[PDB]
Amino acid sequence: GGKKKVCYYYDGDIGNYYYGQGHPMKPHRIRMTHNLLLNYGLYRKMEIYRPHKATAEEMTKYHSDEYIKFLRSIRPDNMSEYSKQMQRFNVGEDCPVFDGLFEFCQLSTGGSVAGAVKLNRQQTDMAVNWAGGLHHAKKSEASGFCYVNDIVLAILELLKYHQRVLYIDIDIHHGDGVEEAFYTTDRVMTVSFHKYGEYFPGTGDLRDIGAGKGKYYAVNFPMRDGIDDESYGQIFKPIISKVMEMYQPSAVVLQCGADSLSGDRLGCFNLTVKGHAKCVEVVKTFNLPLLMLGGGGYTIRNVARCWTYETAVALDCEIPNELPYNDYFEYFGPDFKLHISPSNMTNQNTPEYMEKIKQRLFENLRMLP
């Protein structure tokens, strides 16, 4: 038990990176989050750090030299000279070239790796990097609005001092890049809950369980549209409890993508902020070194609410439902409250479906040593 020491990573410049006209990914949401939680007074209870800019050396602990050289070189003014490389590395459409792209990667990654170092040094219990969580980036390829996989880099940092690391992903999308990086090792178990079926990235079937020494160390919980707080709560705690019991990790990384909330512009789930944050509460109870990361999230008022509340949860600090005045106060109308209501959308995940998938995953977890 007990309240935990929390270190939080933020760079004020993050909100100025712009993916381009009409692109749904808005780094500004991280600044909105920051401003809201400062206005609730949460800075009084945690240490706030500005991350360093991760170097090419740091990024090539996972990514290829050629891919990182390309990301460090490509700019809107020289794009026409790089048309071949852009296609090779899947940059230029979903993952656009924007001003300051590499610096955005460096700040996103720096927070996650800095948090992992702090955890390794036993100087904090929890580290938070809401600018992180870019779970789709691959060794030599951008994907899913992600360029550099800060998560994989942070886990590699943790593996210097931790024999077994658990990765949990509650973003609505499958954490495919993290899963791929660790698919053939038992030193990282990856557990993703996600919408599955005619949905990005197309991976994360129940039957994808890892390979080689990593067989049984990837866990995928495929879901349908409309999952609600009750349905999610009923499987998350039992799955994570069984994973904790069987895998016995010494550190945890939790990707908290807010695109699994009700009303998300790109998502199709029906979780409230309380339902999402219940996941952070469950993981926190195991009293392991914990790195909490961001992720997707497209209805930006709800992203700010979600990550503010989850910061409060990390701190065991009760905050009022009445939102404090802040620099983005108009974004939180018409109610100006912290918590959200679910919609009346149909939950396609029947209780029987949820129990059945849970039972199939428990069968796989029985195969751990």
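Residue indices: 1-based, along the sequence shown.
Stretches 206-214 and 252-260 differ in mean CA B factor, with 206-214 having the higher one.
Comparing 321-329 with 305-313, the higher mean C-alpha B-factor in the PDB entry belongs to 321-329. Looking at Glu179, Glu93, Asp150, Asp169, the one whose CA carries the top B-factor in the deposited record is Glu93. Sorting the modelled residues of the chain by their CA temperature factor places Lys337 in the middle third. For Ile227, the recorded CA temperature factor ranks within the middle third of the chain's modelled residues.
Per the deposited record, the Cα B-factor of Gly296 falls in the lowest third when ranked against the other modelled residues of its chain. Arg50: CA B factor lies in the lowest third for its chain, per the PDB record. The PDB entry assigns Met246 a C-alpha temperature factor belonging to the highest third of its chain's modelled residues.
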